[PDB]
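Chemist: First the structure, then my questions, so here it is.
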Amino acid sequence: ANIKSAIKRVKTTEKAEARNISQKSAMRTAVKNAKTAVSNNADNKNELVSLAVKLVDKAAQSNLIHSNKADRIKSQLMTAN
Amino acid sequence: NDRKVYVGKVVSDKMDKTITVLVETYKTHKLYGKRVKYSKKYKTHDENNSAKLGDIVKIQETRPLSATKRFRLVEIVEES
Amino acid sequence: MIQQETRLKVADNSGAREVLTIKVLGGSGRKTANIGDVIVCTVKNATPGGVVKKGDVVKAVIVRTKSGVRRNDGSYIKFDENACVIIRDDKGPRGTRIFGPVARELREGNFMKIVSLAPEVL
Amino acid sequence: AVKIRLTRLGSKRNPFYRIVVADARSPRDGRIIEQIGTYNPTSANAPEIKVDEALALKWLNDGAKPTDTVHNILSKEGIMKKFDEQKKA
RNA sequence: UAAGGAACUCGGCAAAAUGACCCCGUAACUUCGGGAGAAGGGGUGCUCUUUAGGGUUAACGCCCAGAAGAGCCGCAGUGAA
RNA sequence: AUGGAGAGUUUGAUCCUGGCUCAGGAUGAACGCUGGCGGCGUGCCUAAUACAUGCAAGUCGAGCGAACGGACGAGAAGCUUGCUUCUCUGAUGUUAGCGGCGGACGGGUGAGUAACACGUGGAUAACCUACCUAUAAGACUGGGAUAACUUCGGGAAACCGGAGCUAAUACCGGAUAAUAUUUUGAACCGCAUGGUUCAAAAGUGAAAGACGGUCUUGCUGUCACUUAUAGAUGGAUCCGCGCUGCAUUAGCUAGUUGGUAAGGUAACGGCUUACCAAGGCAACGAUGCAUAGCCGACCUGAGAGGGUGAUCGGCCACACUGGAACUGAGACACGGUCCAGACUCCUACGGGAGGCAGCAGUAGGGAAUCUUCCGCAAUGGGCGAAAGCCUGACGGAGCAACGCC
RNA sequence: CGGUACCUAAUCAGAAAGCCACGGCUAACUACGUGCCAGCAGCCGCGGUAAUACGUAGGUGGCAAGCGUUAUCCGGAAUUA
RNA sequence: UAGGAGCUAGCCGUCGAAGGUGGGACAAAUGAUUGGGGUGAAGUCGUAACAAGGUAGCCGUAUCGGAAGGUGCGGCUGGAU
């Protein structure tokens with residue numbers, strides 16, 4: 027049963043795993059430059075007690091969470107509530 | 062709602078949460094059944110020099126989130 | 204410059220690894236040769252396994268000398284080593300997984316067989 | 005995987021089937037939701053339902069599924085469609 | 001001196017190739033001493049950084065470097081002998 | 001616990017010890033005259049030899065740009081007087097495909113497989129769950145594209161080449177109604193680690209088609225769509241045993257000996273790193289060698305109880321070898337890319353791949369495996385309302401003192 | 001898979017049986033070509049002008065779809081404690 | 001210009017089955033090669049030991065031996081006189 031399993035693997039990974047650098051590159055480049063600057067208690071130090079806790083129902087509704095540092099990375103930020 | 066709480070004997074010393082267990086128990090045979098002494102150990106290193114080296118203790122050494130002592134500690138008991 | 208008493212490499216999978224030459228056939232008194240020619244030779248290093256084994260008499264054909272050639276184009280082809288390949292009194296080789304580059308001037312040589320067997324041809 | 009398994013059994017033409025619905029990931033020979041009775045549902049007598057009739061609360065409320073013949077015989081037993089009455093309850 | 005590489009020759013005579021220093025590695029056999037430089041490998045330029053010294057130390061400095069990287073240039077770095 | 005002569009059991013023979021063809025059974029069985037019939041059970045050992053593949057995994061316009069044809073009306077007759085050569089419907093059907101799919105399993109093998117690999121039993125503070133059941137939201141959604149559709153040459157070729165372009169149940173631009181989200185005081189447990197207490201801020205869409213009689217939507221029922229919960233389900237981490245046996249295999253080992261800080265597993269770690277002692281491992285024959293899928297399985301010694309894998313059942317690992325990545329929730333995939341590798345074929349040279357471990361037989365062999373066997377008939381399940389296929393699963397057809405009746 | 005089974009009984013005394021040997025133990029009979037020759041030949045044999053036995057035979061023996069073996073375990077033989 | 005940081009286009013180090021190199025290990029043929037036993041009439045040697053085996057001697061034990069056999073020094077009965 028030899029079929030065309032090999033030809034649309036790439037474009038379906040371009041509808042999913044390249045959407046995983048369309049919506050996700052905001053994290054990929056952030057871990058190097060942008061989030062690396064928003065960290066360090068900088069000018070925009072830790073504004074996710076209220077930012078995420080308003081936006082994560084609205085539009086900032088990402089789904090890449092796990093555990094065992096304080097989260098995978100970031101979800102422990104409603105500390106000041 | 063319970064886990065491993067056996068008894069043993071400490072050996073070696075360094076930082077970070079002793080108890081370097083050496084349990085003693087029995088093992089036997091088929092045709093004649095000679096249940097006789099044997100042992101099994103779990104190494105780690107000194108608590109804060111609280112665990113006295115050579116201490117026949119109720120043993121285990123707490124859940125590992127770094128790398129020298131194995132699993133669920135109970136309480137240090139008796140010196141040997 | 205190719206002469207006998209000269210160490211020639213192979214580029215096939217017959218069982219040989221290195222040879223050197225006895226002869227350069229052709230005519231009475233013929234000394235030397237270059238790409239496009241047939242020689243005899245004998246193997247001072249054989250590949251373990253394979254048909255053709257060390258200390259054995261063999262014919263072969265030239266490829267890609269460092270004394271590369273110039274054509275009726277008025278233009279030139281050279282290499283940075285030489286090599287031979289071994290045959291079966293038929294323009295038919297023994298090893299059949301030829302490596303490395305080869306020239307085009309052996310279609311005339313009627314090793315077109317070998318050229319189809321070959322990688323890139325020049 | 006998962007429909008009511010009418011499972012092959014026996015010697016030369018002794019298809020003594022068994023009431024089962026195999027696991028959502030196991031084969032006809034593999035592990036299962038649960039084996040519910042020892043009878044051939046294609047018996048020459050009848051469907052002939054002898055099962056763990058009290059187990060209708062677990063596998064029907066989690067995972068199990070009949071196929072087109074025994075959903076009838078289960079609810080003239082008071083199990084399958086009757087579990088819909090239980091869910092309404 | 002291309003290319004080939006002892007076919008020369010009675011015979012590799014001759015010439016060719018090697019070498020300095022540093023590092024790593026060096027079998028057999030032994031009358032135990034040795035063999036053994038065994039073999040076989042690898043390396044060396046110039047600049048900025050200390051590393052921190054050998055101290056040149058008075059001490060970082062004075063050079064070599066403790067010797068550590070990072071860099072610059074060329075086909076080429078005991079560039080000669 | 002129920003078993004039990006040895007035809008005999010050495011020398012000159014009397015005697016002890018001794019081990020002993022054999023005669024009896026069964027065996028994956030098999031070797032040396034086919035019979036009344038039938039029946040069982042079974043199934044490449046050598047040939048895990050290469051494997052040719054056929055065929056080996058397929059299901060949904062009940063998702064839609066629907067393209068195509070085309071139902072139906074179907075102007076005008078195109079006149080040896082019967083068309084959809086026309087209006088719009090353009091349904092249903094490959095739909096052009098874009099999409100929901102699985103595909104490891106029904107299928108195969110035990111190659112490998114030192115240790116939970118499995119047999120086999122535990123503790124788990126070591127939890128997640130396309131297909132799935134049930135309690136809580138409706139059936140808000142960007143359609144760029146996108147094959148729809150067009151355009152540009154090449155080479156027999158492999159298969160590419162440039163130029164643009166619509167739908168979807170695709171998915172996605174913007175707000176949302178289900179332990180959603182982890183902080184202020186809120187408890188103790190298995191110290192570590194759990195316990196949700198708080199207030200949920202934080203979940204947030206959509207998949208609407210085919211649409212029943214009608215209210216064309218109630219809930220859009222269907223079978224496909226978004227959100228907490230558990231759970232079926234499976235896997236899931238931590239301990240004992242066979243988790244290896246074996247010195248004409250012994251002295252074993254060096255961030256080593258596996259906590260603290262950074263990192264990450266639904267969980268958790270030297271898994272790497274700044275510190276820890278040379279320690280740790282030891283003739284418990286560690287090291288290392290050999291080996292390994294594991295259990296029952298059978299036979300059977302008086303009972304003691306045991307050796308038992310071919311089959312046959314269960315439980316691991318691998319699917320042209322290998323290596324990187326992708327991935328489907330999980331894949332290194334029996335019938336996924338790039339590949340080395342290897343050969344295979346093709347070559348018209350420009351380069352392309354193939355790809356037997358489904359199941360038959362092909363070369364082969366054997367004492368042995370049927371038959372490149374039958375069909376999905378039934379049952380089976382994956383996707384699919386309906387319906388479909390895979391069937392080489394399934395069942396069967398032949399085979400037979402292999403062993404009889 | 002089944003115009004086959006069930007059935008008429010169509011059918012007729014019909015349409016369906018070999019072993020080592022004829023050896024003490026092998027119970028299968030004594031014989032001849034047989035004179036330790038051929039060769040059957042299992043503990044062991046026989047055979048040399050009186051072979052039962054080599055070869056052969058009508059029966060012929062132990063059980064019958066029957067006849068003897070081959071690898072495995074054990075009876076045998078706790079001759080494996 | 002993403003030009004800043006960036007990854008592809010460019011540079012500093014990684015393993016990778018692979019690939020081929022190298023010395024050991026095992027083999028197998030065996031080499032105008034080559035040691036132990038048995039074996040097949042033992043023609044080779046006396047019945048060498050068993051009747052003091054013709055002479056009781058023996059056990060460790062120099063010793064040579066084609067083969068039964070022999071001579072040296074410490075313990076011994078396993079002996080007829």
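Protein chains in written order, with the numbering used here: chain A, 27 to 107; chain B, 62 to 141; chain C, 204 to 325; chain D, 5 to 93. For each residue, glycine too, the CB sits at the ideal point set by N, CA and C.
Please tell me whether C/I301 and C/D240 are closer than 8 Å, where the distance is taken between their beta carbons.
Modeler: no
Chemist: Tell me whether C/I205 is buried or exposed, calling it buried when 16 or more other Cβ atoms sit within 10 Å of its Cβ.
Modeler: buried
Chemist: Which same chain residues, not among the five before or five after A/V79, have their C-beta less than 6 Å away from its C-beta?
Modeler: Taken in chain order, the residues that qualify are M104.
Chemist: Since D/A60 contacts D/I77 with CB under 8 Å, what's their CB separation in whole angstroms?
Modeler: Going by Cβ atoms, the distance from D/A60 to D/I77 rounds to 13 Å, so no, they are not a contact pair.
Chemist: Within a Cβ cutoff of 6 Å, which residues of the same chain sit near D/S79, ignoring the five residues on either side of it in sequence?
Modeler: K85, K86
Chemist: Could you check what DSSP says for D/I53 in three-state terms: helix, strand or coil?
Modeler: coil
Chemist: Would you kindly report the start and end of the unbroken alpha helix (DSSP H) that includes A/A52?
Modeler: 51-58
Chemist: Below 8 Å CB to CB, which residues in the same chain sit around D/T71 once its five sequence neighbours on both sides are set aside?
Modeler: The residues are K7, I8.
Chemist: How would you write the range of the beta strand (DSSP E) that D/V24 sits in, first residue to last?
Modeler: 23-25
Chemist: Thinking C-beta only, is C/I242 closer than 8 Å to C/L223?
Modeler: no
Chemist: Where in the segment 271-321 of chain C do unbroken runs of the alpha helix (DSSP H), each at least 4 residues long, occur, reported from the N-terminal end onward?
Modeler: 315-319
Chemist: Please state the DSSP three-state secondary structure of D/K7.
Modeler: It is coil, neither helix nor strand.
Chemist: Just confirm the distance between the C-beta atoms of B/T81 and B/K104, as a whole number of angstroms; I'd bet it's less than 8 Å.
Modeler: 5 Å
Chemist: Within its chain, find whatever has a CB closer than 6 Å to the CB of B/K130; leave out the 5 residues flanking it on each side and keep chain order.
Modeler: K78, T105, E122
Chemist: Check whether the segment 249-266 of chain C and the segment 105-118 of chain B are in contact - that is, three or more C-beta pairs closer than 8 Å.
Modeler: no
Chemist: If you count every other CB in all the chains shown that lies within 10 Å of the CB of B/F132, and 16 or more means buried, which is it?
Modeler: exposed
Chemist: Secondary structure at B/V135, three-state DSSP: helix, strand or coil?
Modeler: Shown here, B/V135 sits in coil according to DSSP, grouped into three states, outside any helix or strand.
Chemist: Where does A/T39 sit, in a helix, a strand or coil, going by DSSP?
Modeler: helix
Chemist: Going by the beta-carbon positions, is the gap between C/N285 and C/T268 smaller than 8 Å?
Modeler: The Cβ atoms of C/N285 and C/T268 lie closer than 8 Å to each other.
Chemist: Cα-Cα, which of C/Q207, C/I238, C/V264 is closest to C/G232?
Modeler: C/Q207
Chemist: Using DSSP's beta-bridge definition, name the partner residues of D/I36.
Modeler: D/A26
Chemist: If you follow the beta strand (DSSP E) that D/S79 is in, where does it begin and where does it stop?
Modeler: First-last for D/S79: 74-79, but that is the alpha helix (DSSP H), not the beta strand (DSSP E).
Chemist: Do you know offhand how far D/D27's Cα is from A/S65's?
Modeler: 49 Å
Chemist: Give the C-beta separation of C/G298 and C/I289 to the nearest angstrom, bearing in mind that I take them to be a contact with Cβ-Cβ under 8 Å.
Modeler: 7 Å
Chemist: State the start and end residues of the unbroken alpha helix (DSSP H) segment that holds C/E323.
Modeler: Counted as a single uninterrupted DSSP element, the stretch harbouring C/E323 is not any alpha helix (DSSP H), since DSSP gives it neither H nor E.
Chemist: Taking the alpha-carbon positions, what's the B/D74 to A/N107 distance?
Modeler: 44 Å
Chemist: For B/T81, write down the residues that DSSP places opposite it in a beta bridge.
Modeler: DSSP lists no partner for B/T81.
Chemist: To which residues does DSSP link C/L211 through a beta bridge?
Modeler: C/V222
Chemist: Counting C-beta neighbours from all protein chains within 10 Å, is the total for A/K84 16 or more, i.e. buried, or is it exposed?
Modeler: exposed
Chemist: What residue range does the alpha helix (DSSP H) around B/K102 cover?
Modeler: Here B/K102 belongs to no alpha helix (DSSP H); instead the beta strand (DSSP E) covers 97-103.
Chemist: Can you name, in chain order, every residue of its own chain whose Cβ lies under 6 Å from the Cβ of D/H75, other than the five neighbours on each side?
Modeler: Cβ neighbours of D/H75 within its own chain (closer than 6 Å, five residues either side excluded): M84.
Chemist: Which whole-angstrom value is the C-beta distance of D/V55 and D/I40, which I expect to be below 8 Å?
Modeler: 4 Å
Chemist: Round the Cβ separation of B/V71 and B/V118 to the nearest angstrom and send it over; I've been treating them as touching at under 8 Å.
Modeler: 6 Å
Chemist: Could you tell me which of D/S30, D/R35, D/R29, D/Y43 sits nearest to D/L10, measuring between CA atoms?
Modeler: D/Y43
Chemist: Beta strand (DSSP E) containing D/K92: first to last residue?
Modeler: Counting along the chain, D/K92 falls outside any beta strand (DSSP E), though it belongs to the alpha helix (DSSP H) covering 84-92.
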